[PDB]
């Protein structure tokens, strides 16, 4: 059965001959990418057994690539997809001057036609997990990203957490993307939308990450975010719950963004963060107004933040923010006075 792949060498043929392909769980040899960019229309790929990856010390290497129209990527019960992160982690993540590691584990580009990815068990990935770009009408649910193994330090990170910059879902230049019922244990942004339209993220279980954050926007290929919805979700043991960041000195657009029904728990620094002073992955303290943020809604954002974090932190640019709505929020716990500068110099406290 050509449609039943037992080894990497049988993948190509399966993708060209079968609309229903079954990966039985093998190891992808070093330097070889699990190429699913040529999937036929209405094709279905099912992950079985344990899929593993050989070690490929290269930043630009992309282990898995998915493309096609009306395609379906799912897994069978008890299946597992290991990214071989333990072999890469050195607690520096995507840092240029660190050990070389695949930046994007899974690249979902050019996926359309009401395609969907569901019920996937992914674990131990290098850096960024999902790189969703140039896709539309796509649905991802029932996903379980577990990178807790990278929480502890190894022989390469010293006292640092092996895993770093392990974004769960990165979305860009996409439209009508829906994320529902997804578990994410990582060390960075649970879900980062640098650009896209009509994006929906609901029933999200983030933990140990940086929370559902927007951006950073600006300075990238695409700096336009219009129509994003974070609904019924839980952010625990994370740096931030709801964060909207923008690169300093850059231009872009962030409109129609709504955080609704978000429960926070044990936030480290920011319960709700909205700043436009990000430079080189770090806050500058001086926000710019190149990126226009408008129509932002914080509805029913409750929960608690660690004593070491601020309930609210809003650092908008000079006249670059407009239309902020706050309703039903109840964030408590912060040991540092909240600070924000829009719409006025007072916050929800």
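Numbering follows the first chain given and starts at 1.
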Task: Greater mean Cα temperature factor according to the PDB record, 290-298 or 277-285 - done: 277-285
Task: Mean temperature factor over C-alpha atoms, higher-scoring stretch between 156-164 and 198-206 - done: 156-164
Task: Candidate set 76, 129, 244, 184 [ranked by C-alpha B-factor, highest] - done: 76
TODO: Name the one of 94, 240, 232, 141 with the greatest CA B-factor according to the PDB entry.
DONE: 94
Open item on the list: Test of reading the entry: by CA B factor among the chain's modelled residues, which third contains residue 265?
Closed with: middle
Task: Modelled-residue ranking by C-alpha temperature factor, third containing residue 124 - done: lowest
TODO: Pull the Cα B-factor of residue 58 out of the PDB entry and bin it into the chain's lowest, middle or highest third.
DONE: middle
Task: Chain thirds of CA B-factor: placement of residue 82 - done: lowest
Task: Chain-wide C-alpha B factor ranking for residue 15, given as lowest, middle or highest third - done: middle
